[PDB]
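Quick note on labels: first sequence line is chain A, next is B, and so on, each numbered from 1.
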Amino acid sequence: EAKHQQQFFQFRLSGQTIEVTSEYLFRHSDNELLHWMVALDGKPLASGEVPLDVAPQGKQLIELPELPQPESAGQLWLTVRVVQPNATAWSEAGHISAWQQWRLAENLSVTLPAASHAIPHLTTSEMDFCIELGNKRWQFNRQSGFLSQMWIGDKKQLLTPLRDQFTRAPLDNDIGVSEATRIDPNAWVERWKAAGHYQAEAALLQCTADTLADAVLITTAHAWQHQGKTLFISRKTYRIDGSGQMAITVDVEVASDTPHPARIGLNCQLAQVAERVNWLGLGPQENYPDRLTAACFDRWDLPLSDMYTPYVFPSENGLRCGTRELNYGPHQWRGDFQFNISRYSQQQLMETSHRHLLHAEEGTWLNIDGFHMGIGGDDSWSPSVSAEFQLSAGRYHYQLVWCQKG
Amino acid sequence: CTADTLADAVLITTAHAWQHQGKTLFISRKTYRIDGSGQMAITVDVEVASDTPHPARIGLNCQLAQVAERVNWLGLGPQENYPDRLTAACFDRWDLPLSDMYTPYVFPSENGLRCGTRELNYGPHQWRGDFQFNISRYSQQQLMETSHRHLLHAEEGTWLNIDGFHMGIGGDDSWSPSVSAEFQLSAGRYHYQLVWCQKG
């Protein structure tokens with residue numbers, strides 16, 4: 001993020017014209033090459049290289065050729081980057097010094113899904129709702145109101161039920177100088193603890209299941225109360241269609257007098273451990289709502305080890321924002337969300353003092369958030385999350401689609 | 001457009017696309033849930049293309065057959081207010097005659113909006129949610145085509161515009177775009193819910 005904000009080349013896009021302004025005061029851009037690329041949802045469509053001839057503090061206007069205009073659905077992204085072909089005393093040949101990304105043109109998807117002939121079958125007991133479709137099967141706990149288990153064939157997919165999460169392992173900016181002796185009431189973590197966000201217990205309000213003409217509809221409503229006070233209300237809809245897909249719509253109400261929650265999303269512990277994490281979204285590196293400018297939208301494939309940031313004092317980490325599709329093993333999650341995936345739960349990160357004491361858990365912990373609070377950074381002893389990055393709207397909606405390899 | 005009977009309600013699902021010259025501008029997915037108590041829950045999800053200019057509003061409109069004398073709502077301000085001109089407004093229960101819900105600007109335009117409204121009552125109809133509304137006898141089409149306010153004529157019924165989201169108004173100057181980025185509808189995806197009930 002520091003490298004991107006400190007670039008010596010600034011970029012402006014106007015139609016098909018890229019304006020490059022040099023921030024150098026003395027040198028001419030004699031070791032600079034501009035590589036541009038246009039991709040559609042991570043699929044490259046066109047590319048080109050233009051040498052840079054910019055005087056100190058000057059501007060070079062670069063007219064792109066006729067860019068591709070795909071009729072397939074998706075967003076067009078234009079990425080430029082400055083490459084140094086020759087090695088310097090402080091850098092090697094091929095060094096990238098500056099980059100920028102834009103959205104070019106989006107074709108909204110209007111095509112309907114294929115008319116699947118099958119219908120998921122719903123069985124009702126006193127303890128659970130069971131939806132069965134082919135080899136796949138879902139189970140909803142009627143006492144808890146959460147999806148408890150999913151089976152592909154005879155293999156369980158979950159170790160922990162899929163539940164709403166409103167907290168994160170506190171960052172160093174969340175803690176401040178709030179020691180166990182000199183408590184800091186203004187610290188974010190102290191306000192969350194005093195409000196009971198870490199101790200709030202979910203209470204089921206309603207849970208119904210209806211069979212549609214082509215799907216199965218599951219509706220749940222939970223209330224998170226702490227000492228006779230409702231902090232959050234979550235209303236969730238599960239739509240299991242005949243194609244195997246699972247659409248999850250979540251509507252959340254947050255009390256205005258409680259401190260703004262750190263996140264609004266779901267979490268679960270997947271039984272499967274996989275080697276690669278593939279997602280279509282922002283950046284190869286971890287990024288957050290107020291630290292995502294350096295990240296780029298593309299198709300990224302990383303090993304699961306690179307999805308975890310080894311901070312000395314464990315905390316919430318590894319978040320990727322602006323993600324439209326996430327693939328892990330046989331599971332695919334689509335929507336507009338942020339996620340982090342690792343072998344350590346948020347509970348373990350909160351209780352472990354140093355990273356060398358962290359131990360991997362049995363499965364994979366996945367946190368998918370519709371919304372996430374920004375991180376601080378102006379200082380580390382006082383609250384420094386700006387108002388535009390706090391979760392203060394009061395009402396929140398997000399949708400998720402969960403499908404499999406079929 | 002599908003209709004399903006639930007255990008206690010009737011579910012209506014629709015999806016529309018707004019296209020102009022071979023290009024989809026907006027997609028609206030709407031859900032209607034008519035329960036046994038008489039209530040009508042309407043959930044709207046809207047997709048806006050990123051390359052099209054940001055829309056001025058995202059909501060619904062209809063012409064009610066009934067004309068009533070008083071407009072009662074629980075929301076912001078007695079006077080008209082907009083996303084970037086609502087600081088002076090106050091949240092309370094307001095009751096105004098329908099005439100005061102229209103602002104007589106010399107050159108007709110969109111007017112009379114009330115923001116931050118949780119409940120709106122007009123005749124036997126009640127609308128609940130988190131929305132902005134304007135109510136008057138002139139349609140948005142008539143306001144666009146009428147040069148001066150003295151040429152405005154009331155229509156047969158009442159025109160109601162309920163918006164989940166609304167673009168801010170300018171004011172820094174009148175010759176150049178002056179709506180700030182935080183008041184433009186640039187999110188791309190929008191959701192809002194409405195409940196429509198009656199006197200029962």
Side-chain angles (χ1 to χ4, degrees), chain A residues 233 235 249 251-254 256 392-398, chain B residues 12 14 16 26 28-35 39-48 54-64 66 68 70-96 98 100-103 110-136 139-140 158-169 182-198:
Chain A
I233 298 176
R235 298 193 175 78
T249 91
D251 286 283
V252 164
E253 295 170 32
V254 181
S256 61
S392 60
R395 285 157 292 287
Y396 288 91
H397 172 91
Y398 62 95
Chain B
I12 310 274
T14 59
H16 299 77
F26 321 108
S28 176
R29 298 193 175 78
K30 292 193 285 293
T31 296
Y32 303 86
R33 201 172 188 277
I34 298 159
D35 39 295
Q39 273 132 48
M40 212 212 188
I42 301 178
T43 91
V44 182
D45 286 283
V46 164
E47 293 169 38
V48 181
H54 306 321
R57 83 161 78 209
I58 290 153
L60 303 166
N61 82 358
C62 65
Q63 194 190 7
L64 305 161
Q66 168 132 21
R70 311 295 297 187
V71 188
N72 181 274
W73 78 99
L74 178 71
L76 277 183
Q79 87 272 3
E80 97 165 354
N81 48 86
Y82 283 87
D84 40 6
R85 214 195 59 220
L86 51 76
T87 65
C90 284
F91 189 89
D92 201 55
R93 172 85 64 174
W94 309 103
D95 199 310
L96 264 59
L98 184 61
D100 311 5
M101 296 316 273
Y102 159 72
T103 307
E110 198 268 314
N111 73 95
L113 197 85
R114 266 73 177 181
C115 294
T117 301
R118 320 297 312 253
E119 178 201 310
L120 161 73
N121 307 272
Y122 187 69
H125 297 298
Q126 178 163 96
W127 294 274
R128 298 197 308 287
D130 194 13
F131 54 87
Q132 311 92 59
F133 78 98
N134 72 72
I135 182 157
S136 77
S139 67
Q140 294 287 299
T158 323
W159 280 98
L160 172 69
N161 302 292
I162 301 190
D163 316 321
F165 309 89
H166 202 109
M167 176 165 142
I169 76 189
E182 68 273 12
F183 294 111
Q184 291 165 48
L185 299 188
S186 60
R189 285 157 292 287
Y190 288 91
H191 172 91
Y192 62 95
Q193 205 224 6
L194 274 154
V195 173
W196 190 351
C197 89
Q198 267 95 36

Quick one, B:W94 with B:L76, criterion side chain to side chain contact (heavy atoms under 4.5 Å, CB included). Give me CA distance, side-chain angles, the key distance, then yes/no. CA-CA 9 Å; B:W94 309 103; B:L76 277 183; 5.9 Å; no
Spacing of B:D92 atom CG and B:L74 atom CG [to the nearest 0.5 Å]: 7.5 Å
Exam field: side chain B:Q132 to backbone B:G164, donor-acceptor pair closer than 3.5 Å: yes
Side chains of B:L185 and B:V48: does their closest heavy-atom pair fall under 4.5 Å? no
N/O donor-acceptor pair under 3.5 Å between B:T158 side chain and B:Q66 backbone: yes
If you define the side chain from C-beta out and look only at heavy atoms, does anything of B:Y82 sit under 4.5 Å from B:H166? yes
State the CD1-CZ distance between B:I58 and B:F165, to the nearest 0.5 angstrom. 6.5 Å
Roughly how far apart are B:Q39 CD and B:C197 SG, rounded to 0.5 Å? 5.5 Å
Measuring from atom OG of B:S28 to atom NE2 of B:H16, what distance do you get when rounded to the nearest 0.5 angstrom? 7.5 Å
Could you check whether any side-chain N or O of B:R118 sits under 3.5 Å from a backbone N or O of B:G75, counting only pairs where one atom can act as donor and the other as acceptor? no
May I ask you to test the B:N161-B:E110 pair for a side-chain heavy-atom distance under 4.5 Å? no
Side-chain contact, heavy-atom cut-off 4.5 Å: B:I135 with B:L120? no
What do the steps show when you test B:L96 against B:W73 for side chain to side chain contact (heavy atoms under 4.5 Å, CB included), and what is the final call? CA-CA 9 Å; B:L96 264 59; B:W73 78 99; 4.0 Å; yes
Side chain to side chain contact (heavy atoms under 4.5 Å, CB included) between B:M101 and B:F133: does it pass, once the steps are laid out? CA-CA 10 Å; B:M101 296 316 273; B:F133 78 98; 3.9 Å; yes
Anything under 30° is parallel, anything over 60° is perpendicular, the rest tilted; go ahead and classify B:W127 against B:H125. tilted
Approximate separation, where rounding is to 0.5 Å, of B:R70 CZ and B:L98 CG: 10.0 Å
Distance-minimising heavy-atom pair for B:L86 and B:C115: CD2-CB, 4.1 Å
Any idea which heavy atoms bring B:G112 and B:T103 closest together, and the distance? N-OG1, 4.1 Å
Please check: side-chain N/O of B:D84 versus main-chain N/O of B:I169, any donor-acceptor pairing under 3.5 Å? yes
With a 4.5 Å cut-off on side-chain heavy atoms, are B:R114 and B:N81 touching? yes
For a quick test of reading the model, state the closest non-hydrogen atom pair linking B:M40 to B:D35 and the distance between them. N-OD1, 4.2 Å
So, taking the atom named CG in B:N121 and the one named CZ in B:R128, what distance separates them when rounded to the nearest 0.5 Å? 9.5 Å
Kindly determine whether A:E253 and A:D251 satisfy side chain to side chain contact (heavy atoms under 4.5 Å, CB included), including the steps that lead there. CA-CA 7 Å; A:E253 295 170 32; A:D251 286 283; over 6 Å; no
Sub-3.5 Å donor-acceptor pair from the side chain of B:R189 to the main-chain atoms of A:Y398, do we have one? no
Which heavy atom of B:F183 sits nearest to which heavy atom of B:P83, and what is that distance? CE2-O, 3.3 Å
Check: A:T249 and B:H191 side chains under 4.5 Å, non-hydrogen atoms: no
Provide the closest heavy-atom pair for B:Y102 versus B:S136 in the form atom of the first, atom of the second, distance. CB-CB, 4.5 Å
